[PDB]
Amino acid sequence: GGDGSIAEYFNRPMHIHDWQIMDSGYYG
């Protein structure tokens, strides 16, 4: 993800590139 309210990591490991950017990484 990048823009939304549900974090992409919610049921996933930190495979996302956003994993150090808490300003980012969501979906809806």
# chains A, B, ... in the order shown; residues from 1 in each chain; ligands from 1
$ residues_around --residues "range 4-18 of chain A" --least-positions-apart "4" --cutoff "6 Å" --atoms "only C-alpha atoms" --output "list in words"
residues 25, 26, 27 and 28 of chain A
